[PDB]
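The form deposited in one PDB entry is given below as one chain in structure tokens.
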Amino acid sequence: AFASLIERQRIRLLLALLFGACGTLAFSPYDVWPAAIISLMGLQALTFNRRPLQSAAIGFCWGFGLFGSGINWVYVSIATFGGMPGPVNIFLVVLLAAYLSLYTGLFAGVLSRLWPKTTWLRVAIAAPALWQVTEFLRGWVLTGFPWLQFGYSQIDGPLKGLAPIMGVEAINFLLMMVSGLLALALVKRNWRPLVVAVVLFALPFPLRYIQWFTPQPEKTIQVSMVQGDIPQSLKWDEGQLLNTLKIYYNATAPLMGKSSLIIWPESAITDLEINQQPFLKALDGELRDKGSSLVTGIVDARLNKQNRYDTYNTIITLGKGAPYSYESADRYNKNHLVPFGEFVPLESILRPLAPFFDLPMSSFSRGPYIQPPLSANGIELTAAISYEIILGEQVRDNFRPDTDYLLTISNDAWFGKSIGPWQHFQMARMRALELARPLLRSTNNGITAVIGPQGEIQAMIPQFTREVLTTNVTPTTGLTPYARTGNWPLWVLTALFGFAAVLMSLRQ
């Protein structure tokens, strides 16, 4: 009796959660990319033949089914490092999933208000355009949080070659268009939208065999990222500062003279750069003598015009090809700070409330949006500290044509053994794919890997293990169409589809 059961409001809301939860089965840990299409079909099929205010509830439940069932490793960072009652920890995660679901409830509500009837216009020209706008708002409002975008799920899939041409957000655009036409063919029991939903999904397949980069087997350095595996509950303690420096230095010494580039995780030196001055100067001379360059994440307290200490999450460079100096330009201050982890809203009421809102060294300051690429031993590194690697447009803007490797240092020790480090790792692979540059990802204990110029994992060391990822990586030169253009060509298509769909909605 499913013919009349589907029309009930409650049955569609509960089906929204199941199709919403099926979305998380497309990301890095469970890499079933078909689950991205099935989940998106549920968002569009379940909102068919619904009033505008009823589709918003369905869209909210689909979002809550995806962002509370696939973004819940935030609970690990709350229940293990912030001191709060258990119900309070659950409430924040639920609130985060509820907040992120508004931009999906907004999508479905507007979609069923301007395009009530179910047709190819609603699913293929209206939904992809409105999905881009609502996804953009989720990634722009309150500093944004562009997590769980189905474009990242196609890192190893048919829609792989589309990212180098128009970016990851184009895969989000195409997945929504294909899924909508796929759900239209199922609800209306038609076959013409099914054929279109296959042609649009098979045309970008040959694009994955096009290489926009020319590899250079001449600058083949031997990079070696040192995974310190420093516990997060002890990383910023005073008594661990001497120990953590010894752990990294001892592993770095055999690498000197044989590894051209050595990379340490984010905030590897937990002390202020001005405080740890003699250690860096002594380390710089040893690295330069043997012919090795070190890239390190450190905390800085650079002075400002107002003579106020503005703490920055920086990257310093030492050794050959980049002499270390406190006034050197080979730095990278972190720009997009993580909310509630690096900055606290208004820093006035929330911080005294709970220890979670007052984390060790969580009063950072933003840096310039565009910064020069790091230079180390004659290679240009485009840095992106941790969270910044998920921001495709910010990385592209800093991406100079002379960049040899994409650099990313992260500290994923917060999110336990959960799927958070993997989802973050999958997004980092997308940057290498669309910019056609090798990605040298280094983490405290997370997934340390050398992503190839196509999103392939050239090397990786086991997680939660204090190891060193010594490997040979060949830099690539060449500009992808995404690097040369960016997000504007997609927004023209969004505006072209959005303006050609709103007018056809006001016509009737």
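Only residues modelled in both forms are compared. Residue indices: 1-based, along the sequence shown. Just so we're on the same page, rigid core means the largest C-alpha set that superposes within 1.5 Å between forms.
The same protein has a further form, the form deposited in another entry, not shown here; the description that follows concerns it.
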| item | value |
| --- | --- |
| Residue among 194, 350, 137, 419 whose Cα moves 2 Å or more between the shown form and the other one, once the rigid core is superposed | 350 |
| Rigid core superposed: residue 254 CA moves 2 Å or more between the shown form and the other one | no |
| Large Cα move at residue 76 between the shown form and the other one, threshold 2 Å, rigid core | no |
| Shift of residue 360 between the shown form and the other one at or above 2 Å (CA, core fit) | yes |
| Inter-Cα distance between residue 360 and residue 275 in that other deposited form, nearer or further [3 Å or more] | farther |
| Relative Cα spacing, residue 383 and residue 361, in that other deposited form - shift of 3 Å or more | farther |
| Displacement runs between the shown form and the other one, C-alpha, 2 Å or more, three or more consecutive residues, core aligned | 233-235, 344-362 |
